[PDB]
Structures are given as C-alpha cells and as structure tokens.
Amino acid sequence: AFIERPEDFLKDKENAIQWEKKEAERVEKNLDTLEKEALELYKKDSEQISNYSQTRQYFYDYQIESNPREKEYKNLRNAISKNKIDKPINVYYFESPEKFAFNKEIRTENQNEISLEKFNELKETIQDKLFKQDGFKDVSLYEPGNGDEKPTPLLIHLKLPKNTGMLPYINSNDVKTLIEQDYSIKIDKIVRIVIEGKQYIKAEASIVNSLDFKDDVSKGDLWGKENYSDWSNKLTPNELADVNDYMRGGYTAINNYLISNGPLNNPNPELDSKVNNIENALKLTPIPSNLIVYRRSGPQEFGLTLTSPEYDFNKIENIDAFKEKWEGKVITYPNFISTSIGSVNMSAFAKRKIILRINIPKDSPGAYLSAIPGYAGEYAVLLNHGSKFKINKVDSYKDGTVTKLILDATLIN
C-alpha cells in the first residue's frame, strides 16, 4: 500500500512483515561484524541474554566490568540504539499479568472468557501507575490474529515515540523486531477483545521517559554536578549550615525527631528551624528531569529485622507475603530520605536485601547533595521529609545465593 509507513499497521500483518523485511535488509547494511555477531548470539540464546540485561546493574561496579556477558549486552545494545525511528510506531506483545503486579491468572488458558470481576480487579491494579521496564524484548509491528502464537491473556499495545531504537532482523523464516526497554509504561486504557474464539485483555500503553543512570555513575555524577553546582551558591547562611549539620550531621536526631512525631508531641525550636531550612534547601533547585534513583534500604523500613524469618526471601512464601503486604501500597517516610543516582551495590550496604527503585517526577523537591564536595561520594540525592512512594511492583533477583527485591516505586509528592 503506502509510500510511507503508518504509525500503526494494526491488523495489516502482510504489509507489516513486508515492510519490516525491507527494513531488516537495510539495517543489516549498517551493523559491524561484532553487532551482527551479537545479533546471532541473541537468536541462539535470547532468554538468558534478555535476563542478564534486566538485572545487570545491581552488582558491585567491579563484578559488572568482569562479567563476560557484558560484551553481548553492550554490543547488542549498540546495534539497537543505532537505528532510531524517525516518527512514532506502535507495537504489540504479550505479557504475564504478574508483570503489572496482578499475581493471579486473568483466566486459565483453557477458559475462553474473562469475568467482569477479573476485569475490574485488573483495572484497579494497573491504574494510575508507572511500571518500569528493562531489557531486550521482541515486539510485533502488527496485532496477532488467527494463527499467531498467543501465550498469555494479556496483550500490550504500545506507542513508541520518535527516536526509539529498534532493530528489525530475520531469524530463520521470521521477521522480528528487537528493542531495549529503558522507560516506564503507563496503561492508558484496558479493553477486552476476542481473538480466535478467546477473550484477551488489550492494554493501550504509552511511555514515560526518565533519566536512569543505572551503573553509569560517572555519567550520573557529571549530570548532577552540572545541575547543582549553582545550588551550593544560592543557599543561605543557615541552610548551608543546617544541611551540612544534616550532611555530616545529625540526620539521626532530625530524623528520629521526625519519626517520633516530635514537632507535634515534643516541639523543639532548634530542630523545627532545622527541618524547615533543609526543606527550603531542597525547594531551591527542584529536580530538573524525570529521574530514577536507587535506595538500598534497611529491613526496618518495612517492619522487619535482620533476624525476622520473613526476611528470608529465598523462600518463595516470604516474597509472596511481602508482596501482599506492600505491593500496590503507598509508603510514607516522615524522615528526610537519602538515595543515589547509581544502582550498583556498595560495601556499606552489600547485604541489604531490599532495593527501592524510585521514579522522581521533574520539579519534585530534592537535591544532588553530591555536587557539594565532601559527601559527594554516595552520588546522593536527598529527598524531602514526608515524601510518599507508591509501590507499583516487586521483583526478585539472585545476588550470589541471596535473593533480593527491587521495589518499582514512584514519588507521588
């Protein structure tokens, strides 16, 4: 049909395939031997390669640089990143509902219909939520129909904006499309459709970009210094002092005072002055882009101790118990709260099992304390007292033999 592709091929399978074939031929012409080699290894070992690409960032900097799987990751990512689309395109793929924190079956595979009750439950669960996505996946340019593989009852229909890296390629008989997820998903709408005799949920999804430095702390640090150098300057006398008193403070007295309900149980002029000065220090230069930050948190933040048998996430029951307790919930820190632009593990918190991966909207109160030399090493972002975080999703991964959790969360104030 047309001289220019649409933004969405919809059910036009045949034009979608023909088009992606030409595009695969064209793109093959721009990949070097190593990128082609990476692509070839991907076809042989896609699942493991994709798995590695999802959790890669969470280890010691030195464990990452010495994983041999890092070559395949970087080379494959360069191949994808090279070919950026010049206008939006929509894609289709199936997900498990567990992916969006719906930890039951929408329906069994043998069932043909979805209850209105499962539908409303699902809508309530996935509504008003940014779900972080990572790693390589194969997507389709057309809506699956009679005769395509349909592994789950959940079909995602995703609009990818202009400049999304996309790698069309051929594997045996098939034309495939590879992307590296590096964004959050908003589900704008769900509808129940029917394909080949069975009801499916179709999620209309769009994308929210955030700066996510992951293990590239150097890039992260450059970025932060570059945006918060002036911040050092525009601070007043007390602010600079109270913040440094917090910084090489001090946070322990302030934060216990906050946690205790001090201001409204046992007022203190000196500390109440201090809380409000720091808050005003964080309103000074609000976060100038959507930003992912990482916090390795202590079990106490989630009502556990290091000896609680519920903190043994190697037993699947305790993961489930944790999800039921926190997943979907909002969570409030009466204290000021410390995070990093980096995702890597560190000596000071090498054994903490719970990682908060927090979405910070542009203009949120907060500061890159690490532009201030001297405690600029934690690559630290300080978030305001009383901050609330919606926990969208809980994932688990293996660090050696220890299971740890990643809490996909969002700053909602």
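Numbering starts at 1 and follows the sequence shown.
S.K.: Quick one: higher average CA temperature factor, 137-145 or 252-260?
M.R.: Looking at the recorded C-alpha B-factors, 252-260 comes out higher on average.
S.K.: Using the B-factors recorded in the PDB entry, average over the C-alpha atoms of 232-240 and of 159-167, then report which stretch comes out higher.
M.R.: Taking the mean C-alpha B-factor of 232-240 and of 159-167, the larger value falls to 232-240.
S.K.: If you compare 95, 245, 327, 312, which has the highest Cα B-factor in the entry?
M.R.: Reading the PDB entry, the winner on C-alpha B-factor is 245.
S.K.: Just the C-alpha B-factor column, please: which of 182, 86, 272, 215 has the biggest number?
M.R.: Highest C-alpha B-factor among the listed residues goes to 272.
S.K.: Would the CA B-factor of residue 336 place it in the lowest, middle or highest third of its chain?
M.R.: Its C-alpha B-factor belongs to the highest third of this chain's values.
S.K.: In terms of the CA temperature factor given in the entry, to which third of its chain does residue 296 belong: lowest, middle or highest?
M.R.: Within its chain, residue 296 is a lowest-third residue by C-alpha B-factor, going by the deposited values.
S.K.: Pull the Cα B-factor of residue 412 out of the PDB entry and bin it into the chain's lowest, middle or highest third.
M.R.: It falls in the top third of the chain.
S.K.: Sort the modelled residues of this chain by their C-alpha B factor and say whether residue 78 lands in the lowest, middle or highest third.
M.R.: Within its chain, residue 78 is a middle-third residue by C-alpha B-factor, going by the deposited values.
S.K.: Could you look up the Cα B-factor of residue 283 in the entry and say which third of the chain it sits in: lowest, middle or highest?
M.R.: Its C-alpha B-factor, which the entry lists for residue 283, ranks in the highest third among residues of this chain.
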